[PDB]
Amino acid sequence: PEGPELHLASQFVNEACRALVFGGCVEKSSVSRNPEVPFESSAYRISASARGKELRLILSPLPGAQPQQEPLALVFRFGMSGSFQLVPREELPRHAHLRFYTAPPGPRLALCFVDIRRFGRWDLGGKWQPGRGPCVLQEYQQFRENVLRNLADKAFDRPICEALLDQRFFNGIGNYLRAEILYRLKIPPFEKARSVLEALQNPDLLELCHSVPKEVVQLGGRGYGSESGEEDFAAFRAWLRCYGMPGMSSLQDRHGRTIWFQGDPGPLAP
């Protein structure tokens, strides 16, 4: 998942947990190489926020919840399959690697981090990854400045399609958004990144880095996702103009990732 999916997953946790109270421990699957969450409360609320391709849960005990516990923050990266679901406690999906359990009164639910391929990670401590740039969705001006002020970096020597995956400058952009953004401006994907960015130093490339992903969020649904039904998933495939679409070209970048585009591949093409 990319920035829109991290964002929608955060909105899901906030809306679906608004009136839920969790209790007990935070349970990790035995196969998961991620750390155990040292947290226990008779009564805590779960809330979320997204920044780029990371999501932060806050575990907030209620007044007088036992054991005495301070709020705990967990930050998640989703890799290729990460996901959050609210399921009935005894109908855990396969690959539910981390689980928060509702307290009574009510139907016993589990909020689960579900990750088929286990590329996802969480760290104890609530901090965003050092080095990740501002969120293209929620910190646009900070995102735009962090790019324009550092065009000297060797990161911008590379093809624009490669630079757009560097989470130090485009936190929240992944393989589908880089195709959709470049297609909107018909920028050849193997144009040099510094060449296309220097001008800014009729929406430009950095505006689209915000507004294109915002469109996926505004579809509602769960972006490149089905944790909302088939309706929302087909809604997303219909929004796509370029990623995977018939009559589009594709090449491998230097990291073996597929870039979709129309027309001129650009000068630094392999």
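Don't overthink the numbering: it's just position in the shown sequence, from 1.
Coordinates are absent for 10 or more residues of the deposited sequence placed between residue 201 and residue 202. With 46 to 54 and 211 to 219 compared on mean CA B-factor from the PDB entry, the stretch scoring higher is 211 to 219. Comparing 6 to 14 with 253 to 261, the higher mean C-alpha B-factor in the PDB entry belongs to 253 to 261. Each of 168, 149, 178, 77 has a CA temperature factor in the record; the biggest one is found at 149. Set against one another, the Cα B-factors of 133, 174, 189, 107 in the record reach their highest point at 107. Residue 154 sits in the highest third of its chain by CA B factor, as recorded in the PDB entry.
Among the modelled residues of its chain, residue 123 has a C-alpha B-factor that falls in the highest third according to the deposited record.
In the PDB entry, residue 206 places in the lowest third of its chain by CA B-factor.
The deposited CA B-factor of residue 92 belongs to the highest third of values across its chain.
In the deposited entry, the Cα temperature factor of residue 194 sits in the middle third of values across the chain's modelled residues.
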